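Shown next, in structure tokens, is the structure this report addresses.
Protein chains in written order, with PDB author numbering: chain L, 491 to 539; chain N, 540 to 587.
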């Protein structure tokens, strides 16, 4: 149960945040770096909790 | 800016008696009246 719960919450939160943040934004040159920084922040917050 | 350019090496002068023979070339001045812009769109990929 625990693993499955962690996987489901992780996927759902990542799906929601990625869809809210980067869909509809502009495909600027620094888009890939920004995305990378936002994922690292998000994973570092997960690891912190 | 009354002329564009001239091939200075191609200027020739020949004299015989009182006949002043001159021959040259000149690139004429002109003013733009048509502009053709061929724009092309492409896709670029970015890594990180």
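Note that CB positions come from ideal geometry on N, CA and C, so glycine has one too.
**Message:** I'd like to know if the segment 510-530 of chain L and the segment 579-586 of chain N are in contact, where contact means that at least 3 CB-CB pairs between them fall below 8 Å.
**Reply:** Flag = yes, the segment 510-530 of chain L and the segment 579-586 of chain N touch.
**Message:** Check for me: the alpha helix (DSSP H) holding residue 495(L) runs from which residue to which?
**Reply:** Run containing residue 495(L): 492-512, per the alpha helix (DSSP H) assignment.
**Item:** Distance, residue 541(N) Cα to residue 567(N) Cα
**Value:** Per the coordinates, the alpha-carbon of residue 567(N) lies some 8 Å from the alpha-carbon of residue 541(N).
**Asked** Terminal residues of the continuous beta strand (DSSP E) containing residue 586(N)?
**Response** Counting along the chain, residue 586(N) falls outside any beta strand (DSSP E), and DSSP gives it neither H nor E.
**Request:** Using a Cβ-Cβ cut-off of 8 Å, state whether residue 521(L) counts as contacting chain N.
**Result:** Using beta-carbon distances, residue 521(L) counts as an interface residue toward chain N, with a partner under 8 Å.
**Prompt:** Can you find a C-beta in chain N that's less than 8 Å from the C-beta of residue 537(L)?
**Reply:** Output row for residue 537(L): interface = no.
**Request:** List the endpoints of the continuous alpha helix (DSSP H) containing residue 529(L).
**Result:** In the DSSP assignment, residue 529(L) falls within the alpha helix (DSSP H) that extends over 521-538.
**Prompt:** Which residues bound the beta strand (DSSP E) around residue 561(N)?
**Reply:** 558-562 is the span of the beta strand (DSSP E), which, as asked, contains residue 561(N).
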